[PDB]
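Only one chain is given next, in structure tokens, and it is the form deposited in one PDB entry.
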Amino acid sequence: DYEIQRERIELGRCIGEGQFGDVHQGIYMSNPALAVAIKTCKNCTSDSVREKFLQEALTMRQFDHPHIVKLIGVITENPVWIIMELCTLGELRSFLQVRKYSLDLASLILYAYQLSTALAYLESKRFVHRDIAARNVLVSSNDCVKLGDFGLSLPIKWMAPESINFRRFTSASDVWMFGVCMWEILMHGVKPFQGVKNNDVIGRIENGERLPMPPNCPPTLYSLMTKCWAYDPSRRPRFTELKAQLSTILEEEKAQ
């Protein structure tokens, strides 16, 4: 029973604007009072809007992983809300931009590794995400990030060529996106292909061009990104190998 009684929720501060409405921080008093994120939905009086909004809760219900945000519950009477576990430090991109000169390279590699464990878990369940990007990752603590959006908010600059050309989204296309996400992390939250028009990305990729090696990115990590960006989907690694390779890279950086 994921249905939460509204009297147990104490709506707090607005922390952002989601695709469906404002997102707030709050308190859920079950177990002692716990920190929660509350997604709201401006137009959920409409059944069509409500179904799309609440699909993220139906999807998240299925998962249990240390690096995937937990669904606490839903309130399906107007105003409709989705209650999730709060990642108190917020969005990964802003976190990386603000903490750029204080975070060590070991921390950036650790974030890529933790995301790879969540994605290996989703791969083990045959779940295809379709929207892997640093904008969908949240920060729980200085040493913990979580995949935090399954709403499906066109992200051309992150998409695998087969996704752009044929609308095909598979486990291999998620690996291409994860490569872009790793580039974003190592770039301290800079977006891929800044200044380039969406319809021109396609052409550069076809021409064999890829995102350049971020400054101070270990060459082993960049080589791993280039493997995620094989044009042929069948040539991209799976998450079991990405996770193992990232663990080695992380330990090599920790040793210095």
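Heads up, when I say rigid core I mean the largest set of C-alphas that superpose within 1.5 Å between the two forms. Shifts are known only where both forms have a C-alpha. One-based numbering along the sequence shown.
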Do a third or more of the other compared PDB entries fail to give coordinates for residue 163?
-> no
Other entries modelling both neighbours but not residue 152, at least a third = yes
From residue 153 on to residue 154, does the model leave out none, 1 to 3, 4 to 9, or 10 or more residues of the deposited sequence?
-> 10 or more
From residue 45 to residue 46, how many deposited residues does the entry skip: none, 1 to 3, 4 to 9, or 10 or more?
-> none
Per the entry, where is the mean C-alpha temperature factor higher: 132 to 140 or 161 to 169?
-> 161 to 169
As stated in the PDB record, which stretch has the larger average Cα B-factor, 185 to 193 or 199 to 207?
-> 199 to 207
For the listed residues 126, 100, 93, 146, which one has the largest C-alpha B-factor as given in the deposited model?
-> 100
Most elevated Cα B-factor in the entry, residues 221, 33, 69, 228 = 33
Third assignment of residue 10 from its chain's C-alpha B-factors = highest
When the modelled residues of the chain are sorted by Cα temperature factor, does residue 63 land in the lowest, middle or highest third?
-> lowest
Which third, lowest, middle or highest, does the CA B-factor of residue 25 fall in along this chain?
-> highest
Using the B-factor values recorded in the entry, state whether the Cα atom of residue 109 falls in the lowest, middle or highest third among the modelled residues of its chain.
-> middle
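We do not show the form solved in complex with a small molecule, though everything after this point is about it.
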102 to 110, 129 to 137, 159 to 167, 73 to 81: which one contacts the small molecule in the entry with it bound at 4.5 Å, heavy atom to heavy atom?
-> 129 to 137
Tell me, which of 41, 187, 228, 68 has a heavy atom within 4.5 angstroms of the small molecule in the entry with it bound?
-> 68
Contact between residue 181 and the small molecule in the entry with it bound at 4.5 Å, heavy atoms?
-> yes
Distance check, residue 60 to the small molecule in the entry with it bound, heavy atom within 4.5 Å = yes
Flag residue 119 as yes or no: does it have a non-hydrogen atom within 4.5 angstroms of any non-hydrogen atom of the small molecule in the entry with it bound?
-> yes
Even though the small molecule is not shown here, does residue 145 get within 4.5 Å of it in the entry with it bound, heavy atoms only?
-> no
Of 118, 109, 92, 132, which one's CA moves 2 Å or more between this form and the one not shown, core aligned?
-> 132
Take the rigid core as the frame of reference and indicate whether the C-alpha of residue 25 shifts by 2 Å or more between this form and the one not shown.
-> no
Align both forms on the core first, then report whether residue 230 has a C-alpha shift of 2 Å or more between this form and the one not shown.
-> no
Large Cα move at residue 58 between this form and the one not shown, threshold 2 Å, rigid core = yes
Sense of the change in Cα distance from residue 173 to residue 135 in the entry with it bound - at least 3 Å versus the shown form | closer
Under comparison with the form shown, the C-alpha atoms of residue 98 and residue 132 in the entry with it bound shift by 3 angstroms or more, placing them farther
After a core superposition, which runs of 3 or more consecutive residues shift by at least 2 Å in C-alpha position between this form and the one not shown?
-> 17 to 19, 58 to 60, 125 to 135, 150 to 153
